[PDB]
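As a starting point, one isolated chain is supplied in structure tokens, in the form solved without the partner chain.
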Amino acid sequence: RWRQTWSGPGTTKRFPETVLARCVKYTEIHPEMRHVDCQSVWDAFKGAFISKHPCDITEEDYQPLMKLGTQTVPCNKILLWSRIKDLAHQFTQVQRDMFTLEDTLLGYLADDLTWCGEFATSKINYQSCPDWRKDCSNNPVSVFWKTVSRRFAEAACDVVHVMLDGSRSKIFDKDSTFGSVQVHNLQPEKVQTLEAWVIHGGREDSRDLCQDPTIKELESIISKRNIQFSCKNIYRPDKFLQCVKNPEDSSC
């Protein structure tokens, strides 16, 4: 082929082995996930998209995997993020206290991977997978992240933090998974405050990005859900991580 069926890159090479290895490694490191049989996890993950039309995936398809990956996360220590993933992960690697979705078994298994199957066969499609925009939104990858990002937001309580990319354009994007899914699934009964950390890109002396229109929009949406909103600039993310690693002393 010089064309391919779909517009998205195909399944990550060695997907089955990669996911199984990830599950082993995670369940070795994290003692609460020792009950988990990694073969059963693979089977459930496979069951969600194998032999299914990769534009006809449902949240229901992933329910066997979700059940097997059931995991308690400290509800008051949740860090969400939008667009910008690397700082969030670097932060939680020191601040081994806050947790992102990719710090959970399910997020860890799928992070940075792509997968899809075929309606007519049980073959994994290593050649192309649906693009969310060009092909269909009900594809195996997009559905998985929608389902898991939802459930992770529903687990949160107290003060929930979100890192946003202040170099973007839409610092808060209503169309992102954070904006379209997570914001609307925080539980107002349990969540007291959403606090945004607006992460600056380059910049000499920079603007208070907590005044950005899309930030005000986020404030409005959140406040109308009866959840308080707070915002902080992180003007130099590199000084920020240095202070997380070595608090006190220095220009912290």
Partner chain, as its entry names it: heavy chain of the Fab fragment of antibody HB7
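Residue numbers count along the first chain shown, from 1.
One more form of this protein, deposited with the partner chain bound, exists but is not displayed; see below.
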| item | value |
| --- | --- |
| Distance check, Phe229 to the partner chain in the entry with it bound, heavy atom within 4.5 Å | yes |
| Contact flag, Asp43 vs the partner chain in the entry with it bound, heavy atom cut 4.5 Å | no |
| Contact label in the entry with it bound: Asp212 to the partner chain, heavy atom within 4.5 Å | no |
| Partner contact for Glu217 in the entry with it bound: the partner chain, 4.5 angstroms, heavy atom | no |
| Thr193, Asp208 and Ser223 all contacting the partner chain in the entry with it bound, non-hydrogen atom within 4.5 Å | yes |
